[PDB]
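Enquirer: Shown below is the structure under consideration.
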Protein chains: 2
Amino acid sequence: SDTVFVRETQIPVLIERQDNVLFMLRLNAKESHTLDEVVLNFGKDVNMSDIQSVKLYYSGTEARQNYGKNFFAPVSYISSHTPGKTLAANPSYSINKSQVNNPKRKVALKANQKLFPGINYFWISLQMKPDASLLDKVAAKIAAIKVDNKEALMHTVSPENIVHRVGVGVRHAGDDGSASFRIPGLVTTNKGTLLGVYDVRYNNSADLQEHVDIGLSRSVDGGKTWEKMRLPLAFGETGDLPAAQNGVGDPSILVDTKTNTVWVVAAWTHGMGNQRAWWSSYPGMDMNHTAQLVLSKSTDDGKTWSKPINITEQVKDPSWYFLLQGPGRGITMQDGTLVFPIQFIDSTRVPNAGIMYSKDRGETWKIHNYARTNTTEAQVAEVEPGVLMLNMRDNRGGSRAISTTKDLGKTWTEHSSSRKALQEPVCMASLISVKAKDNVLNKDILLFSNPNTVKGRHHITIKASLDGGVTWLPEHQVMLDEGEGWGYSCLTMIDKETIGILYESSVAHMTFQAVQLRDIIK
Amino acid sequence: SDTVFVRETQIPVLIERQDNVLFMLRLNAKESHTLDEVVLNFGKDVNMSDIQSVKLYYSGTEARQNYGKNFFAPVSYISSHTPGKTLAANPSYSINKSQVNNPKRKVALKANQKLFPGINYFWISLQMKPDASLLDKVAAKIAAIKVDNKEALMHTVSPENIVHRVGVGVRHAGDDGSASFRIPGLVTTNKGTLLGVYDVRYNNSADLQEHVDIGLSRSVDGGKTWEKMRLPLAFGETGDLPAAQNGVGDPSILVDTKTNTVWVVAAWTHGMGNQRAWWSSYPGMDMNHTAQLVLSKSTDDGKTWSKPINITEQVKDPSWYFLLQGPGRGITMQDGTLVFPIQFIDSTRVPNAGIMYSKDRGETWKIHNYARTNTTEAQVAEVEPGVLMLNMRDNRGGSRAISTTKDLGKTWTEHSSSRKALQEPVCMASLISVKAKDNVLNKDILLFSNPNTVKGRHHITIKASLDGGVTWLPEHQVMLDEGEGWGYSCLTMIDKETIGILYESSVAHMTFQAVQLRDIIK
């Protein structure tokens, strides 16, 4: 008899999506003629009342030259990039054969599908109810597959005990008339409010220069619901140039914990035609030559935002081609110092990462010296009181560079974990510090998120360290998204027991998920 | 002083578009402060009552690394590929500085634009009235450009006496929910009705295999207005496979002049995953192995269409990987024979072009021998009674291959013009024959259209021959579209005095234009 091969997915189940890929099935029908039924059994701890439906789709066959390459689908079933068509499976690729609404723990999906004389693809779709909980975890097993009125042999290539986690598509391609959204940042205010920022790339997914604003999504219920998008930074037709030559992007957001004032920094690019700002920003200081470093602040918990504050002259050396924040978030140090990670292309056209700080609540800012040559995007965390650790994207490739400074960036010391402990494909990565006093474990922990690979942007993973970043033990990690995406992410603590992550996922341009602290550190 | 450089366009002016790029202006403001006004004069023979508005746009500056490359724009101003946003200039790229509605022959466009200290781009937009005539020709000159209250020096890099022709975007990207449209065919029925066919590529512009139908647009007023889309061939979920594994494409249409019965032939591909049918169709005869050659006929002047007629078994050799029509159109010979150009990938996986004919009004069809090895898309025309000339896309590159046959493809003779007279970038090309009896010149003429180049798909050009295709004089040619596009086109005679062309242009996926015979042959 033929073998039905099964691959269980490990990707976020978006609560608002009408379809989510849960299982992929492949059957090479050498002696099979009809697939009658698939029986699915949810785990005993699954809350069935938060599940809206389960569906079985048929997706046809494969090109004969691709036989034996171990594919489990002929095409991507659910788009995350087609504007206005990212919530349901593309009907031209998948035929709904059976659907069970308000399912019980045991679900029988009767297909009665005539099989192509060759490879046949099926997949199981999971749809949550809109009010499902962010911490809901879904587990399931395929109990039986009936083929030609007999139980078919199954071989599952994916591992056991997969936990399917839900998430929220804070931004989908096409939302509010924007083709794409990129570059996430995420913080939690003193009031518990979640503030997520991102590029609003209206025309397409291209970097600056282009028509780009900084958008912001605000949540007061721990990320379950998000308020109408705000625009903290947008320059429109400033200087009488087109909006596409006034983009602002790569945002970084921080909360001044002493006052709860929220700060957002971004890079405003003026002119430069339709070329990339990385190669179009030049030495100088004014808007007509070089990118401008602009700030916007909020004193009402992120609801309203001031007009841009141009701080370029405070911190940029004229010889630099390009000074900009490190996208993601900044911090408030224990002593009240505000710190944003930064990066600048020096006179030799080589980028270097560093930090920018303010000791007067954000009125004035300063930069000293870079941490390491040929580095770009970085995030900073106060590992110990007075000790800042900078975790850097390194153009040398393969792994993150990590250095610390006790004097706010005048001098730097290479860290033991540098270029060894944290692999990367050269991509943005998030780092935050959570003190024992502010979490249920009562221990100082570092949290880190990036694509846990050296090649490609996939397997988005949160990692935790209990020894100041010296070791990242494998059992203290959660893999959230095996699919391919743009790879950027940003972390925060929703509260003392829950982690929050806003990242570019394989299922939505801006994906938010909540992860319990005791799920990662067991 | 500073010089305003001007480049006049040579692209179709779509009647239904809100904007059309007419002039591009570049000004490097080394000593200029403000551009005050541009004055343009339309030609004396222009019908101003068919023009809705003229506008002056400002489009900002250029990346400094692109200075001195003689670019006249920073970006494409009007998309022909973004679904639902192909009718008006992208407002993020261009700022409307002045607009004159229902203009007179002399138009003053007062901009009052403060100039960027560097490159500055402007362009002039032309908008026709929706009911304007297809034979409208627009000429214009820029009389003066006022900078800092002075007349600025102008330098025009484009030639004098450019004739701007209008056209109709029969299909725009996104129309009727389809991402793209490709592969045009065009015929004129015995009633004077225009029938244009094309691929309806819903998900994207990729070739088969994919979700593709054959669409048809019908016009009873010479191409001025087109009826809502019809679908002569569509297979949906045939065989219980998804629609994206049941595509039909590369249509070819012909009119049986003896009865006015209209025939459409296309290639229906079943299965093959999401890969290209060119490499996924294999030897055999049934839908599960090889592409199927299907027909649809209309006996009511193109209003309704019959169920598919599968003629694969009449003409396909089992050893061939892939048999399909040559996209475009077929013909009715003087003696009543119906002829479609065809192409087949033989057992050695090399493609060869030929013809298939029917002597019983389309009930049965035959193929004999190929005309030439390593050729693909072709079009056929009866240059002399009983003599068929096949004009072929040649994978050798650089030029069309042309051969003739007196016995419906049993034997072939290389033509004197073969691989010499008609250059091509390896692309589809259209060929038709118009007998002296059926045109106002009262001479036998051949008409040919393709991208008049050896590299790239641009400068779509109609060429005419007065000696059976032995010579194609350069003065008997019309260049319709200097921009880049997909390059396919198909010709027909609207009437005894006017040529019609449906082609993939730089301004719309399916562009229709009318060209008077005495414009090309003067």
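FYI, nothing fancy with the structure tokens labels: chains A, B, ... in order, residues from 1 per chain, ligands from 1 as they appear.
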Which residues of segment 334-353 of chain A come within 6 Å of segment 302-322 of chain A, and for each one, what is the closest pair of atoms and their distance in Å to one decimal, counting only C-alpha atoms, sorted by chain and residue number, as JSON lines?
Expert:
```
{"residue": "A:344", "atom": "CA", "partner": "A:322", "partner_atom": "CA", "distance": 5.4}
{"residue": "A:345", "atom": "CA", "partner": "A:322", "partner_atom": "CA", "distance": 5.2}
{"residue": "A:346", "atom": "CA", "partner": "A:320", "partner_atom": "CA", "distance": 4.4}
{"residue": "A:347", "atom": "CA", "partner": "A:320", "partner_atom": "CA", "distance": 5.3}
```
Enquirer: If we count only C-alpha atoms, what is near segment 56-68 of chain B at a cut-off of 6 Å, once residues fewer than 4 positions away on the same chain are taken out, given as a tab-separated table (two decimals) with C-alpha atoms, in the first residue's frame?
Expert:
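Saved as around_16.tsv:
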```tsv
chain	number	residue	atom	x	y	z
A	241	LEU	CA	9.56	67.68	-2.92
A	271	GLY	CA	15.71	64.01	-2.07
A	272	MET	CA	17.95	61.22	-3.39
A	273	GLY	CA	15.66	60.40	-6.31
A	280	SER	CA	22.61	58.12	-1.61
B	74	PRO	CA	13.88	59.70	-11.12
B	93	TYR	CA	6.21	60.62	-7.18
B	94	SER	CA	4.76	63.76	-8.80
B	95	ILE	CA	3.25	66.98	-7.43
B	96	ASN	CA	0.65	68.68	-9.62
B	97	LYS	CA	1.84	72.30	-9.87
B	98	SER	CA	-0.63	73.64	-12.45
B	119	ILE	CA	18.80	68.25	-10.38
B	120	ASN	CA	15.10	69.06	-10.78
B	121	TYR	CA	12.63	66.94	-12.76
B	122	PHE	CA	9.36	68.16	-14.26
B	123	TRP	CA	6.98	66.58	-16.74
B	124	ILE	CA	3.89	67.61	-18.70
```
Enquirer: So which residues touch residue 510 of chain A within 12 Å, counting only C-alpha atoms, skipping near sequence neighbours fewer than 6 positions away, as a VMD selection string?
Expert: chain A and resid 12 14 80 to 81 167 to 175 180 to 186 196 to 200 215 to 217 226 485 to 490 501 to 504
Enquirer: As a PyMOL selection string, list the residues of segment 42-204 of chain B assigned to strand (DSSP E) by DSSP on the backbone atoms of this structure.
Expert: chain B and resi 42+51-58+95-101+106-114+119-128+137-138+140-147+150-151+153-156+164-171+180-188+194-201
Enquirer: Would you mind telling me which residue in A:85, A:359, A:522, A:437 lies nearest to chain B when using only C-alpha atoms?
Expert: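 Using only C-alpha atoms, the shortest distance to chain B belongs to A:85.
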Enquirer: Measuring atom to atom with only C-alpha atoms, identify which of B:259, B:411, B:484, B:491 is nearest to residue 330 of chain B.
Expert: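 Smallest distance to residue 330 of chain B is found for B:491.
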Enquirer: Can you work out the spacing between atom CA of residue 369 of chain B and atom CA of residue 232 of chain B in Å, to one decimal?
Expert: 29.5 Å
Enquirer: Would you list the contacts of residue 329 of chain A as a ChimeraX atom specification, taking every protein, DNA or RNA residue within 10 Å and counting only C-alpha atoms, but skipping same-chain residues closer than 2 positions in sequence?
Expert: /A:184-187,196-197,251-255,263-265,325-327,331,339-341,378-381,430-432,490-492
Enquirer: When you draw a straight line from atom CA of residue 457 of chain A to atom CA of residue 422 of chain A, how long is it in Å?
Expert: 14.4 Å
Enquirer: Hey, what does DSSP flag as helix (DSSP H, G or I) within segment 230-466 of chain B? Can you give it to me as an mmCIF file with C-alpha atoms, in the first residue's frame?
Expert:
```
data_model
loop_
_atom_site.group_PDB
_atom_site.id
_atom_site.type_symbol
_atom_site.label_atom_id
_atom_site.label_comp_id
_atom_site.auth_asym_id
_atom_site.auth_seq_id
_atom_site.Cartn_x
_atom_site.Cartn_y
_atom_site.Cartn_z
ATOM 1 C CA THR B 238 -11.653 20.075 -14.273
ATOM 2 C CA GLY B 239 -10.633 16.579 -13.227
ATOM 3 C CA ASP B 240 -11.141 17.617 -9.582
ATOM 4 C CA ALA B 243 -7.961 25.832 -11.106
ATOM 5 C CA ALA B 244 -4.276 26.796 -10.953
ATOM 6 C CA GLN B 245 -3.525 23.304 -12.327
ATOM 7 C CA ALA B 277 4.380 23.791 -18.846
ATOM 8 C CA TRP B 278 7.232 24.277 -21.331
ATOM 9 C CA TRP B 279 9.274 21.944 -19.095
ATOM 10 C CA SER B 280 6.399 19.997 -17.483
ATOM 11 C CA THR B 312 -5.130 16.756 -29.605
ATOM 12 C CA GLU B 313 -5.727 13.246 -30.961
ATOM 13 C CA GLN B 314 -6.182 14.559 -34.511
ATOM 14 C CA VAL B 315 -2.759 16.189 -34.847
ATOM 15 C CA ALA B 436 -5.227 44.852 -53.171
ATOM 16 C CA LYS B 437 -8.967 44.193 -53.449
ATOM 17 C CA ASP B 438 -9.391 44.859 -49.707
#
```
Enquirer: Between atom CA of residue 393 of chain B and atom CA of residue 425 of chain B, what is the distance, to one decimal in Å?
Expert: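 According to the coordinates, atom CA of residue 393 of chain B and atom CA of residue 425 of chain B are separated by 9.0 Å.
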Enquirer: As a VMD selection string, please: the residues near residue 218 of chain A (cut-off 6 Å, only C-alpha atoms, same-chain neighbours under 3 positions excluded).
Expert: chain A and resid 194 to 195 226 to 227
Enquirer: Generate a file of the selected residues that holds N, CA, C and O atoms, formatted as an mmCIF file, in the first residue's frame.
Expert:
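File out15.cif, as written:
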```
data_model
loop_
_atom_site.group_PDB
_atom_site.id
_atom_site.type_symbol
_atom_site.label_atom_id
_atom_site.label_comp_id
_atom_site.auth_asym_id
_atom_site.auth_seq_id
_atom_site.Cartn_x
_atom_site.Cartn_y
_atom_site.Cartn_z
ATOM 1 N N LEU A 194 1.173 48.514 25.156
ATOM 2 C CA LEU A 194 2.098 48.048 24.132
ATOM 3 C C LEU A 194 2.091 49.022 22.960
ATOM 4 O O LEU A 194 1.024 49.383 22.450
ATOM 5 N N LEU A 195 3.280 49.438 22.535
ATOM 6 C CA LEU A 195 3.444 50.340 21.401
ATOM 7 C C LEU A 195 4.382 49.691 20.394
ATOM 8 O O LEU A 195 5.559 49.462 20.694
ATOM 9 N N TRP A 226 -5.593 45.897 18.741
ATOM 10 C CA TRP A 226 -4.716 47.015 18.423
ATOM 11 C C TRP A 226 -5.534 48.165 17.860
ATOM 12 O O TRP A 226 -6.414 47.963 17.019
ATOM 13 N N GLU A 227 -5.233 49.370 18.336
ATOM 14 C CA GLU A 227 -5.957 50.567 17.943
ATOM 15 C C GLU A 227 -5.583 50.987 16.522
ATOM 16 O O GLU A 227 -4.602 50.520 15.937
#
```
Enquirer: Taking only C-alpha atoms into account, name the residue in A:41, A:275, A:158, A:452 that is nearest to residue 428 of chain A.
Expert: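 Going through A:41, A:275, A:158, A:452 one by one, the smallest distance to residue 428 of chain A is for A:452.
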Enquirer: Need the shell around residue 130 of chain A: protein/DNA/RNA residues with any atom at most 6 Å away, counting only C-alpha atoms. Skip same-chain ones fewer than 2 positions apart. Format as an MDAnalysis selection string?
Expert: chainID A and resid 15:16 132
Enquirer: Dump N, CA, C and O atoms for the selected residues as a PDB file, in the first residue's frame?
Expert:
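Output below, filename part23.pdb:
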```
ATOM      1  N   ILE A  15      -4.987  34.651  14.664  1.00  0.00           N
ATOM      2  CA  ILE A  15      -6.346  34.547  15.186  1.00  0.00           C
ATOM      3  C   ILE A  15      -7.352  35.084  14.178  1.00  0.00           C
ATOM      4  O   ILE A  15      -8.454  34.541  14.032  1.00  0.00           O
ATOM      5  N   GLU A  16      -6.998  36.158  13.471  1.00  0.00           N
ATOM      6  CA  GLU A  16      -7.938  36.777  12.548  1.00  0.00           C
ATOM      7  C   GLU A  16      -7.947  36.112  11.177  1.00  0.00           C
ATOM      8  O   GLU A  16      -8.803  36.446  10.353  1.00  0.00           O
ATOM      9  N   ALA A 132     -10.193  34.390  20.538  1.00  0.00           N
ATOM     10  CA  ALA A 132      -9.289  33.427  21.149  1.00  0.00           C
ATOM     11  C   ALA A 132      -8.204  34.137  21.951  1.00  0.00           C
ATOM     12  O   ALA A 132      -7.844  35.284  21.677  1.00  0.00           O
TER      13      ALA A 132
END
```
Enquirer: When you look at residue 406 of chain A with a cut-off of 12 Å (counting only C-alpha atoms), what residues show up, excluding the ones that are within fewer than 3 positions of it in the same chain? I need them as a PDB file with N, CA, C and O atoms, in the first residue's frame.
Expert:
```
ATOM      1  N   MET A 333      18.349  53.457  31.339  1.00  0.00           N
ATOM      2  CA  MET A 333      19.267  52.834  32.278  1.00  0.00           C
ATOM      3  C   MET A 333      18.766  53.027  33.708  1.00  0.00           C
ATOM      4  O   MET A 333      17.860  53.820  33.983  1.00  0.00           O
ATOM      5  N   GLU A 382      21.201  46.930  29.293  1.00  0.00           N
ATOM      6  CA  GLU A 382      21.999  47.107  30.506  1.00  0.00           C
ATOM      7  C   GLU A 382      22.076  45.758  31.210  1.00  0.00           C
ATOM      8  O   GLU A 382      21.173  45.381  31.961  1.00  0.00           O
ATOM      9  N   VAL A 383      23.163  45.022  30.964  1.00  0.00           N
ATOM     10  CA  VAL A 383      23.300  43.686  31.535  1.00  0.00           C
ATOM     11  C   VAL A 383      23.531  43.768  33.039  1.00  0.00           C
ATOM     12  O   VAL A 383      22.920  43.026  33.816  1.00  0.00           O
ATOM     13  N   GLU A 384      24.402  44.667  33.469  1.00  0.00           N
ATOM     14  CA  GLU A 384      24.663  44.946  34.871  1.00  0.00           C
ATOM     15  C   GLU A 384      24.547  46.446  35.082  1.00  0.00           C
ATOM     16  O   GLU A 384      24.700  47.225  34.135  1.00  0.00           O
ATOM     17  N   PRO A 385      24.276  46.888  36.315  1.00  0.00           N
ATOM     18  CA  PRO A 385      24.148  48.334  36.558  1.00  0.00           C
ATOM     19  C   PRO A 385      25.361  49.103  36.061  1.00  0.00           C
ATOM     20  O   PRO A 385      26.483  48.868  36.518  1.00  0.00           O
ATOM     21  N   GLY A 386      25.148  50.018  35.116  1.00  0.00           N
ATOM     22  CA  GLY A 386      26.227  50.786  34.539  1.00  0.00           C
ATOM     23  C   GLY A 386      26.947  50.121  33.386  1.00  0.00           C
ATOM     24  O   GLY A 386      27.805  50.761  32.765  1.00  0.00           O
ATOM     25  N   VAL A 387      26.629  48.866  33.079  1.00  0.00           N
ATOM     26  CA  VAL A 387      27.279  48.121  32.006  1.00  0.00           C
ATOM     27  C   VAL A 387      26.284  47.968  30.864  1.00  0.00           C
ATOM     28  O   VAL A 387      25.235  47.331  31.027  1.00  0.00           O
ATOM     29  N   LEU A 388      26.616  48.540  29.710  1.00  0.00           N
ATOM     30  CA  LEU A 388      25.789  48.440  28.515  1.00  0.00           C
ATOM     31  C   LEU A 388      26.396  47.408  27.576  1.00  0.00           C
ATOM     32  O   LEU A 388      27.591  47.470  27.272  1.00  0.00           O
ATOM     33  N   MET A 389      25.574  46.468  27.116  1.00  0.00           N
ATOM     34  CA  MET A 389      26.002  45.445  26.170  1.00  0.00           C
ATOM     35  C   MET A 389      25.358  45.717  24.817  1.00  0.00           C
ATOM     36  O   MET A 389      24.129  45.794  24.715  1.00  0.00           O
ATOM     37  N   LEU A 390      26.189  45.848  23.787  1.00  0.00           N
ATOM     38  CA  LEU A 390      25.741  46.124  22.429  1.00  0.00           C
ATOM     39  C   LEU A 390      25.859  44.847  21.606  1.00  0.00           C
ATOM     40  O   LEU A 390      26.946  44.268  21.501  1.00  0.00           O
ATOM     41  N   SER A 403      29.797  43.529  22.464  1.00  0.00           N
ATOM     42  CA  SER A 403      30.766  44.295  23.231  1.00  0.00           C
ATOM     43  C   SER A 403      30.026  45.046  24.328  1.00  0.00           C
ATOM     44  O   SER A 403      28.814  45.261  24.251  1.00  0.00           O
ATOM     45  N   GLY A 409      30.122  54.428  25.904  1.00  0.00           N
ATOM     46  CA  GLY A 409      30.632  54.320  24.554  1.00  0.00           C
ATOM     47  C   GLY A 409      31.969  54.970  24.279  1.00  0.00           C
ATOM     48  O   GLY A 409      32.398  54.978  23.118  1.00  0.00           O
ATOM     49  N   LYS A 410      32.648  55.513  25.288  1.00  0.00           N
ATOM     50  CA  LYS A 410      34.001  56.011  25.064  1.00  0.00           C
ATOM     51  C   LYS A 410      34.965  54.860  24.805  1.00  0.00           C
ATOM     52  O   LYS A 410      35.784  54.919  23.880  1.00  0.00           O
ATOM     53  N   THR A 411      34.883  53.804  25.611  1.00  0.00           N
ATOM     54  CA  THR A 411      35.712  52.621  25.438  1.00  0.00           C
ATOM     55  C   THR A 411      34.832  51.379  25.451  1.00  0.00           C
ATOM     56  O   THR A 411      33.769  51.357  26.078  1.00  0.00           O
ATOM     57  N   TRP A 412      35.287  50.347  24.746  1.00  0.00           N
ATOM     58  CA  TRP A 412      34.525  49.121  24.571  1.00  0.00           C
ATOM     59  C   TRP A 412      35.411  47.920  24.866  1.00  0.00           C
ATOM     60  O   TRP A 412      36.626  47.960  24.658  1.00  0.00           O
ATOM     61  N   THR A 413      34.789  46.850  25.360  1.00  0.00           N
ATOM     62  CA  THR A 413      35.483  45.599  25.643  1.00  0.00           C
ATOM     63  C   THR A 413      34.732  44.463  24.962  1.00  0.00           C
ATOM     64  O   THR A 413      33.528  44.292  25.179  1.00  0.00           O
TER      65      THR A 413
END
```
